[PDB]
Amino acid sequence: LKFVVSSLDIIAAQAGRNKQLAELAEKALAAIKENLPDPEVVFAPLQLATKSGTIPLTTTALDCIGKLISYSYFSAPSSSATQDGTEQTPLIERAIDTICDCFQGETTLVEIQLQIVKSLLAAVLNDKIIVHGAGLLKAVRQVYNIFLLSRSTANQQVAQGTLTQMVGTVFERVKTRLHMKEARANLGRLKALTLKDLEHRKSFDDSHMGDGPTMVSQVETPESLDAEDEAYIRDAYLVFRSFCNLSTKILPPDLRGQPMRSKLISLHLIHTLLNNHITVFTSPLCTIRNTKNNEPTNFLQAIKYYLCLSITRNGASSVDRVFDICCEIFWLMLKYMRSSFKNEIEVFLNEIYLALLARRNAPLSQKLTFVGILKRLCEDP
Amino acid sequence: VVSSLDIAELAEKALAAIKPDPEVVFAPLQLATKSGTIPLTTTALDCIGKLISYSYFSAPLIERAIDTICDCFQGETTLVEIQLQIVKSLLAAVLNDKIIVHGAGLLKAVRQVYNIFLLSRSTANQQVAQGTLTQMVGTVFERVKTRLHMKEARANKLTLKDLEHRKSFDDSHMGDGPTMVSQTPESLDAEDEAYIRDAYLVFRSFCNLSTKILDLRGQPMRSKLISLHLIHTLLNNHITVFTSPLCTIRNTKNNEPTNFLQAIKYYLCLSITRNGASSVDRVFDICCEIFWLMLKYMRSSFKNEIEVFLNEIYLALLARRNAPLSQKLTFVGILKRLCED
């Protein structure tokens, strides 16, 4: 649009002692006058301006970059054999990297931190573009890192909110894809053991799944529907696995510290995703491909190791907030996964919860919370 | 005493012999009981029971007197007054001020009163039988408590079906035991042990009676319920006897001491295994109470079995959607007792 032009006017005006910057800006403004151009000619002064680390070069640049990514201006590398050379230089991973690189720890200016959270949000969660792979997971991790590392309470909060919206969206998109999948299956029919053992029980191989490039979808053949479904589901699995892993750290006797805040946001996000999208987890149509043999595997069976690991490490915590969030996760597992998790449920009941009830010096509130979970299970299915 | 004998040939022969030797008095009394009428049988039983309450019949002579008493019961067609008198005379025989009978003699009396309770048609008779039965077994265990009390002073993978084949203590051909009477460590050991074999035999008998596989007022269910009730009463009222590490019973094979709890383990677990998951709420609730006692006092000794019961019976129940809500809530209440203990 023209926000591109206002951005370049501000950048060229505020360039100051940086001649190269002014020159790239003006070169871009000139190139626009033929009404747009080569993505790189517009992207060069934006990128450079983000590297000054001052206001308003950096904030204006970040704003422009996020909006340009959301308008599908930038694209990802392709492996189509029908490309003729005329295609633009793919720049989306680089645009997202440029945004992410502006956060360099707690000394980064608070206005810039905020602008980074908003630009990643605009890049990742918009109405025209779906980003998959490394770019998405980088945006998500960067918003988390700002939540964890900023010394601004305000920024910690907007980051928490934005992170929640992002992980929520990744799973909502998967839920939509499964809904479509089941509609297609229906249409198709119409026409006619200890606690210590659980840390070493990983049936699903997920080596190098975090790897792989950024892809982009805009908003016909079953092979293609299956591959898209795989993209969506893989985003989901990587997000979920990430939070289980963050939840598994062991702490000694802390609530405003980074370790405890990390454990809490991880457990909270795991619980929220389970509660709001339990059908994504339990559907026998939800399938992700193993890395070793490329054989399709049930989603629940694939995340099982990480879920049980999160509970193994955090159940029986002496911190009541952590104990409570595990109780709720365990409730979901007890209610919607009795069959798939039968043995694990048995271990958690014997070695963590009943063990706690039998313990004489154990906090009474915790005991009552657990027993309350049992009563809730009696009065539901 | 003489009045009883005054109230055909043997009778007067006894009176003549008084001018006394036990057999001459025991002969007409025994014969009189076989009449099956009032007031012959009632008076004879009355007298025999009183004599056993005394030490006239003694340390086998007590067993024959008790046999004669027990033989007066031939089922529900037996006259009600005779039933009641039998219950009272057996009470007087087991619970008196001077004499404690051990072994078969004890075990014969207790089984008989139980049977009267099971077979009588008199609500009154079955109830008084129940009360006396409870008092008998309670008294046996109380006696053991006293003996242990003296003794410390003087000293100073695994499943529900495997539990049916896990018997570490062998009591094959342990038998009822010989009849003995109570009013130098070896004599003391013989005595402490005397009490302990009595207790073990009672408890085993009741677990066994509880072990049958199957309305609510019929004989099988009333048998099951009274066995479970008594088992629970013994655990609840005399737990220290079960938990005491000095309370020891000698194996039948090699006479090597074994802890009492470890000895009754098989039978207690069998009782829970067979009755734990019953669809009938009374049985379910009583088993729950027993399981509670096992949970509170035998966590160390019974860890694996408790784990088996939790996984295969109670949690299983909690997981079933079509399961009765009342049972689930009874179990969860047990767990909550575990919270606020």
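Side notes on the structure shown:
- Screening residue B:230 against (1) touching a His at 6+ places or on another chain (Cβ under 6 Å); (2) crowded, with 21+ Cβ neighbours inside 10 Å leaves a single unmet condition, (1).
- Filter result (buried (at least 16 other Cβ atoms within 10 Å of the Cβ), under 21 Å from the mean Cα position of the chain (by Cα) and of a type in the set (S, T, N, Q)) within segment A:300-320: A:310
- Test: residue in segment A:33-51 that is of a type in the set (S, T, N, Q) and more than 21 Å from residue A:115 (Cα to Cα): yes
- Flag set for residue B:62, criterion: closer than 23 Å to residue B:138 by Cβ and in contact with a strand residue (DSSP E or B) (Cβ under 7 Å, 6 or more places away or on another chain).
- Selection status of residue B:297, more than 26 Å from residue B:127 (Cα to Cα), out of contact with any strand residue (DSSP E or B) (no Cβ under 7 Å at 6 or more places or on another chain) and buried (at least 19 other Cβ atoms within 10 Å of the Cβ): no
- Count of segment B:157-192 residues which are surrounded by fewer than 17 Cβ atoms within 10 Å (Cβ to Cβ) and part of a helix (DSSP H, G or I): 10
- Filtered by the rule that a residue be among the β-branched types (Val, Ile, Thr) and surrounded by fewer than 19 Cβ atoms within 10 Å (Cβ to Cβ), segment B:134-150 gives B:134, B:139, B:146.
- So residue A:169, is it of a type outside the set (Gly, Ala, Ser) and within 16 Å of the chain's Cα centre (by Cα): yes
- Residue in segment B:286-301 that is within 14 Å of chain A (Cβ to nearest Cβ) and over 23 Å from residue B:229 (Cα atoms) present: yes
- Test: residue B:104 is under 16 Å from the mean Cα position of the chain (by Cα) and over 18 Å from residue B:34 (Cα atoms): yes
- The residue that is surrounded by the fewest Cβ atoms within 10 Å (Cβ to Cβ), among those in segment B:77-123 that are within 18 Å of residue B:50 (Cβ to Cβ) and basic (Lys, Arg), is B:98.
- Considering segment A:307-381, the qualifying helices (runs of 4 or more DSSP H), each wholly inside and each with 3 or more residues that are within 11 Å of another protein chain (Cβ to nearest Cβ) and touching a helix residue (DSSP H, G or I) at 6+ places or on another chain (Cβ under 6 Å), run over A:364-378.
- Of the residues making up segment A:246-261, at least one is over 23 Å from residue A:151 (Cα atoms), surrounded by 14 or more Cβ atoms within 10 Å (Cβ to Cβ) and out of contact with any strand residue (DSSP E or B) (no Cβ under 6 Å at 6 or more places or on another chain).
- Annotation note: Cβ proximity below 7 Å between a residue of segment A:312-331 that is under 11 Å from residue A:369 (Cα atoms) and a residue that is among the aromatic types (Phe, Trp, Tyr) and buried (at least 19 other Cβ atoms within 10 Å of the Cβ) (sequence gap 6+ or interchain) occurs for A:327/A:370.
All Cβ positions, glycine included, derive from the backbone under ideal geometry; neighbour counts span all protein chains shown. Values quoted throughout were computed directly from the atomic coordinates according to the rules given, and no laboratory measurement underlies them.
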